[PDB]
Amino acid sequence: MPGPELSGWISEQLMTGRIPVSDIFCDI
Amino acid sequence: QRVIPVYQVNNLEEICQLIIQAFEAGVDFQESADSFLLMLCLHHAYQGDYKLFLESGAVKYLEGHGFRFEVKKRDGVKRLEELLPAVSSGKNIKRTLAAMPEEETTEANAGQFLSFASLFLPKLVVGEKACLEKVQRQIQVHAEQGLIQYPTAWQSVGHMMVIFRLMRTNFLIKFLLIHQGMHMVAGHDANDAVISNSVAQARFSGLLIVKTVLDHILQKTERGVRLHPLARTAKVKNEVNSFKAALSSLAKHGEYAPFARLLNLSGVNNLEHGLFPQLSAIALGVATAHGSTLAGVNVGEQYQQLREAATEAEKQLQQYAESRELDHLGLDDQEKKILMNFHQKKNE
């Protein structure tokens, strides 16, 4: 069931730059 | 664009111990601090190998950043006072060196000083008292572990405040400490392990709030993770954009990103929860709706409304999910109806 990602993993990935922010932040 | 002279000597260990003593005395180096810390770091981490050191990543990254080096060959040196000719406060600092007793010596090498410095990192950026307390407790924990015994001379307050001031004022030392902590983490030494531990503890020091807010602005789902629909709302769009930009300008810093606030990198100043009130509020709303509360996020009285809505929204989202879940399983239409009825009943 949907919920906020409490693990931090993804935040960490994005802040590190292991995942490009745009891969989550998509206006179109 | 400051240029940092690096020296070359036959006997390093002596220079190092004499630096350690100078810091124990609490001398206020200004320009040469960089050079001496360079020597300590050389001796401990890079074994005196100037070529290896200058070829290693840290140096290249720092040269790429701006603070550039140059070699200076000084083989015949015994005392420290002779390595400092650059006029500034040199006679004052010299007075302070000449003031030192040459008799006593403390059993402590670079590694120990550098680990002791590392101890400061995690809470450093928070507050002198907090950082010191942290250091103390971590020393007590390391002594409890039996991982290392530090000199009881160093555990003095004044000393810790001096070293703290040094760590706060100087960049290089922190950059090298952390670089050793994360990047080149080989060897079987204790000091290295303490450094690596402290540096591992320092990750995201000063950003945890923002980080968690982000955690709440994100949303897990069957189709992976996504940005939370609330955040996609129109009236927050600009805030989300600026946030995205900020987060990119942080992310660009790569593996050092978690230490962006300690090092005080470029974009880091543009990421504080206060700069993103709507988002903060939403995040807090989501959190509160899920049950948990979010730390270090005082919300604006105009945004109280927003948050208070966001809670409800998230709850309604959550509820709605259930009925979509039911669909997926395997069942009779009436059974689904009764189950949903049961959801509506349990929910109110």
Out of (1) closer than 24 Å to residue B:271 by Cα; (2) in contact (Cβ under 8 Å) with a residue 40 or more places away in the chain, the odd one out for residue B:147 is which?
(1)
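The rows are residues; the columns are (1) touching a residue at least 12 places away in the same chain (Cβ under 8 Å); (2) touching a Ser or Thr at 6+ places or on another chain (Cβ under 8 Å); (3) aromatic (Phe, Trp, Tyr); (4) within 23 Å of residue B:195 (Cβ to Cβ).
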position: B:44; (1), (2), (3), (4): yes, no, no, yes
position: B:55; (1), (2), (3), (4): no, no, no, yes
position: B:66; (1), (2), (3), (4): yes, no, no, no
position: B:72; (1), (2), (3), (4): yes, no, no, no
position: B:79; (1), (2), (3), (4): yes, no, no, no
Candidates B:2, B:79, filtered to the one that is basic (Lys, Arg), more than 23 Å from residue B:189 (Cα to Cα) and within 29 Å of the chain's Cα centre (by Cα):
B:2
Mind checking which residues of the range B:298-330 are away from chain A (no Cβ under 14 Å) and either in contact (Cβ under 8 Å) with a residue 60 or more places away in the chain or in a helix (DSSP H, G or I) (or both)?
B:301, B:302, B:303, B:304, B:305, B:306, B:307, B:308, B:309, B:312
It is to be established whether one or more residues within the range B:133-153 are within 20 Å of residue B:19 (Cβ to Cβ), in the same structural domain as residue B:23 (by CATH), out of contact with any helix residue (DSSP H, G or I) (no Cβ under 7 Å at 6 or more places or on another chain) and assigned to a helix (DSSP H, G or I).
no
So in the range B:185-230, with the set limited to residues that are among the hydroxyl-bearing types (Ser, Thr, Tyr) and more than 10 Å from chain A (Cβ to nearest Cβ), which one is farthest from residue B:140 (Cα to Cα)?
B:205
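State yes or no: is residue B:156 under 24 Å from residue B:41 (Cα atoms) and small (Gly, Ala, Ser)?
Here the answer is yes, as residue B:156 does meet what is asked.
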Residue hits (the range B:235-280; among the aromatic types (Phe, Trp, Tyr) and more than 12 Å from chain A (Cβ to nearest Cβ)) are B:276
Which listed residue is buried (at least 18 other Cβ atoms within 10 Å of the Cβ) and either in contact with a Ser or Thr (Cβ under 8 Å, 6 or more places away or on another chain) or of a type in the set (A, V, I, L, M) (or both), from B:19, B:4
B:19
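Of the residues that make up the range B:220-230, is at least one in a helix (DSSP H, G or I) and either buried (at least 22 other Cβ atoms within 10 Å of the Cβ) or not assigned by CATH to the domain that holds residue B:35 (or both)?
Yes, the range B:220-230 contains a residue that is in a helix (DSSP H, G or I) and either buried (at least 22 other Cβ atoms within 10 Å of the Cβ) or not assigned by CATH to the domain that holds residue B:35 (or both).
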Output the residues belonging to the range B:8-64 that are part of a loop (DSSP other than H, G, I, E, B), closer than 26 Å to residue B:253 by Cα and among the polar types (S, T, N, Q).
B:56
Considering only residues that are within 11 Å of chain A (Cβ to nearest Cβ) and either touching a residue at least 40 places away in the same chain (Cβ under 8 Å) or surrounded by 23 or more Cβ atoms within 10 Å (Cβ to Cβ) (or both), look in the range B:286-297 and name the one that is farthest from residue B:347 (Cα to Cα).
B:294
Could you please find all residues in the range A:1-27 being small (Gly, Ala, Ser), outside any loop (DSSP other than H, G, I, E, B) and either touching a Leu at 6+ places or on another chain (Cβ under 9 Å) or more than 8 Å from every other protein chain (Cβ to nearest Cβ) (or both)?
A:11
Here are some conditions: (1) in contact with a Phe, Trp or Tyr (Cβ under 9 Å, 6 or more places away or on another chain); (2) not in a helix (DSSP H, G or I). Residue B:112 meets all but one. Which one does it not meet?
(2)
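Numbers and lists here come from the model and the stated rules, or from a named source; no laboratory instrument gave them. Please note: Cβ atoms are built from the backbone with ideal geometry, for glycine as well, and neighbour counts cover all protein chains shown.
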